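K.L.:
My structure is stored as data.cif, with mmCIF, C-alpha atoms.
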data_work
#
loop_
_atom_site.group_PDB
_atom_site.id
_atom_site.type_symbol
_atom_site.label_atom_id
_atom_site.label_comp_id
_atom_site.auth_asym_id
_atom_site.auth_seq_id
_atom_site.Cartn_x
_atom_site.Cartn_y
_atom_site.Cartn_z
ATOM 1 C CA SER A 1 180.437 141.213 123.265
ATOM 2 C CA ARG A 2 181.290 137.571 123.841
ATOM 3 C CA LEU A 3 178.631 137.964 126.535
ATOM 4 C CA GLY A 4 175.769 138.939 124.229
ATOM 5 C CA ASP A 5 176.505 135.996 121.938
ATOM 6 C CA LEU A 6 177.006 133.452 124.739
ATOM 7 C CA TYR A 7 173.337 133.698 125.771
ATOM 8 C CA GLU A 8 172.274 132.906 122.227
ATOM 9 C CA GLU A 9 174.632 129.927 122.313
ATOM 10 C CA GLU A 10 172.678 128.809 125.370
ATOM 11 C CA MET A 11 169.129 129.344 124.122
ATOM 12 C CA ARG A 12 170.265 127.445 121.036
ATOM 13 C CA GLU A 13 171.784 124.593 123.065
ATOM 14 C CA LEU A 14 168.856 124.582 125.493
ATOM 15 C CA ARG A 15 166.174 124.489 122.818
ATOM 16 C CA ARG A 16 168.280 121.784 121.218
ATOM 17 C CA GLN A 17 168.255 119.624 124.343
ATOM 18 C CA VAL A 18 164.507 120.151 124.529
ATOM 19 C CA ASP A 19 163.995 118.874 121.002
ATOM 20 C CA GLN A 20 166.253 115.923 121.736
ATOM 21 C CA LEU A 21 164.370 114.939 124.891
ATOM 22 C CA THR A 22 161.067 115.722 123.219
ATOM 23 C CA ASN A 23 161.933 113.202 120.543
ATOM 24 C CA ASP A 24 163.625 110.627 122.735
ATOM 25 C CA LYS A 25 160.539 110.644 124.940
ATOM 26 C CA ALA A 26 158.180 110.090 122.046
ATOM 27 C CA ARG A 27 160.385 107.175 120.979
ATOM 28 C CA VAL A 28 160.252 105.588 124.431
ATOM 29 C CA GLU A 29 156.487 105.949 124.538
ATOM 30 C CA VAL A 30 156.404 103.956 121.325
ATOM 31 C CA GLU A 31 158.657 101.217 122.689
ATOM 32 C CA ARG A 32 156.315 101.195 125.670
ATOM 33 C CA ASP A 33 152.912 100.989 123.982
ATOM 34 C CA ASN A 34 154.271 98.333 121.658
ATOM 35 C CA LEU A 35 155.493 96.108 124.424
ATOM 36 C CA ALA A 36 151.931 96.335 125.779
ATOM 37 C CA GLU A 37 150.427 95.451 122.390
ATOM 38 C CA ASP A 38 152.664 92.441 122.461
ATOM 39 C CA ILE A 39 151.434 91.479 125.892
ATOM 40 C CA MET A 40 147.821 91.795 124.685
ATOM 41 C CA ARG A 41 148.389 89.503 121.702
ATOM 42 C CA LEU A 42 150.263 86.945 123.789
ATOM 43 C CA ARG A 43 147.288 87.091 126.182
ATOM 44 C CA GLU A 44 144.553 86.486 123.605
ATOM 45 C CA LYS A 45 146.408 83.398 122.382
ATOM 46 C CA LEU A 46 145.627 81.609 125.648
ATOM 47 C CA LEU B 1 163.475 139.234 130.687
ATOM 48 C CA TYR B 2 166.095 137.007 129.062
ATOM 49 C CA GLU B 3 166.337 134.884 132.206
ATOM 50 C CA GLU B 4 162.640 134.043 131.931
ATOM 51 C CA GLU B 5 163.577 132.165 128.756
ATOM 52 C CA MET B 6 166.843 130.677 129.919
ATOM 53 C CA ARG B 7 165.038 129.496 133.011
ATOM 54 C CA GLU B 8 161.942 128.153 131.256
ATOM 55 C CA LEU B 9 163.865 126.165 128.699
ATOM 56 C CA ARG B 10 165.882 125.098 131.699
ATOM 57 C CA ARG B 11 162.773 123.854 133.512
ATOM 58 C CA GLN B 12 161.216 122.418 130.390
ATOM 59 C CA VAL B 13 164.365 120.346 130.054
ATOM 60 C CA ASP B 14 164.118 119.105 133.650
ATOM 61 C CA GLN B 15 160.484 118.218 133.021
ATOM 62 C CA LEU B 16 161.257 116.196 129.878
ATOM 63 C CA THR B 17 164.197 114.591 131.605
ATOM 64 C CA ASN B 18 161.880 113.333 134.349
ATOM 65 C CA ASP B 19 159.057 112.425 132.014
ATOM 66 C CA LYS B 20 161.479 110.358 129.902
ATOM 67 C CA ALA B 21 163.042 108.575 132.853
ATOM 68 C CA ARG B 22 159.512 107.677 133.918
ATOM 69 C CA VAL B 23 158.479 106.310 130.539
ATOM 70 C CA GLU B 24 161.679 104.252 130.467
ATOM 71 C CA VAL B 25 160.680 102.561 133.687
ATOM 72 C CA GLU B 26 157.268 101.850 132.230
ATOM 73 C CA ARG B 27 158.829 100.321 129.134
ATOM 74 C CA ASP B 28 161.379 98.278 130.997
ATOM 75 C CA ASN B 29 158.844 96.761 133.380
ATOM 76 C CA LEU B 30 156.711 95.825 130.446
ATOM 77 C CA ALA B 31 159.747 94.160 128.871
ATOM 78 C CA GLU B 32 160.452 92.283 132.094
ATOM 79 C CA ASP B 33 156.878 90.949 132.229
ATOM 80 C CA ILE B 34 157.173 89.645 128.688
ATOM 81 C CA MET B 35 160.259 87.786 129.755
ATOM 82 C CA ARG B 36 158.385 86.492 132.801
ATOM 83 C CA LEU B 37 155.678 85.350 130.362
ATOM 84 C CA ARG B 38 157.648 83.633 127.600
ATOM 85 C CA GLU B 39 159.895 82.282 130.361
#
Go through the file and emit its structure as structure tokens.

P.N.:
Amino acid sequence: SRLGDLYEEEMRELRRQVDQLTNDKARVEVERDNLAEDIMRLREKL
Amino acid sequence: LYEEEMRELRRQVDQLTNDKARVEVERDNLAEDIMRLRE
């Protein structure tokens, strides 16, 4: 009943949080690597 | 067998959550060093 459907509402919500974090994490990695690029450039300008 | 899913997605989320907190620290320390540099 409401029980059968509730689990689907979870798997949905859970796989949704995954995709969120999966993305947000990729996006932080990019912030990260880029800050490093920036440090490299600033360093070669010595 | 349904739990296996509900608990994997549940772990997978905890993993990502930790992985992302970690990468945020990496990023932020980088940003702080850039400040330390230009500063």

K.L.:
Which residues would end up in the selection if the PyMOL selection byres ((chain B) within 8 of (chain A)) were applied here, given that I need the answer as a PyMOL selection string?

P.N.:
chain B and resi 5-6+9-10+12-13+16-17+19-20+23-24+26-28+30-31+34

K.L.:
Given the selection you just returned, output its residues as a file containing C-alpha atoms, formatted as a compact mmCIF listing (two decimals), keeping the file's coordinate frame.

P.N.:
# COMPACT_ATOMS: atom_id res chain seq x y z
CA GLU B 5 163.58 132.16 128.76
CA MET B 6 166.84 130.68 129.92
CA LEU B 9 163.86 126.16 128.70
CA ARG B 10 165.88 125.10 131.70
CA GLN B 12 161.22 122.42 130.39
CA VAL B 13 164.36 120.35 130.05
CA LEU B 16 161.26 116.20 129.88
CA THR B 17 164.20 114.59 131.60
CA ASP B 19 159.06 112.42 132.01
CA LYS B 20 161.48 110.36 129.90
CA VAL B 23 158.48 106.31 130.54
CA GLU B 24 161.68 104.25 130.47
CA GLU B 26 157.27 101.85 132.23
CA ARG B 27 158.83 100.32 129.13
CA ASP B 28 161.38 98.28 131.00
CA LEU B 30 156.71 95.82 130.45
CA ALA B 31 159.75 94.16 128.87
CA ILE B 34 157.17 89.64 128.69

K.L.:
Can you work out the spacing between atom CA of residue 3 of chain B and atom CA of residue 2 of chain A in Å, to one decimal?

P.N.:
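These two atoms are separated by 17.3 Å.
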
K.L.:
So what do you get for atom CA of residue 22 of chain B versus atom CA of residue 39 of chain B, distance-wise?

P.N.:
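Atom CA of residue 22 of chain B sits 25.6 Å away from atom CA of residue 39 of chain B.
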
K.L.:
Atom CA of residue 2 of chain B and atom CA of residue 6 of chain A, how far apart in Å?

P.N.:
12.3 Å
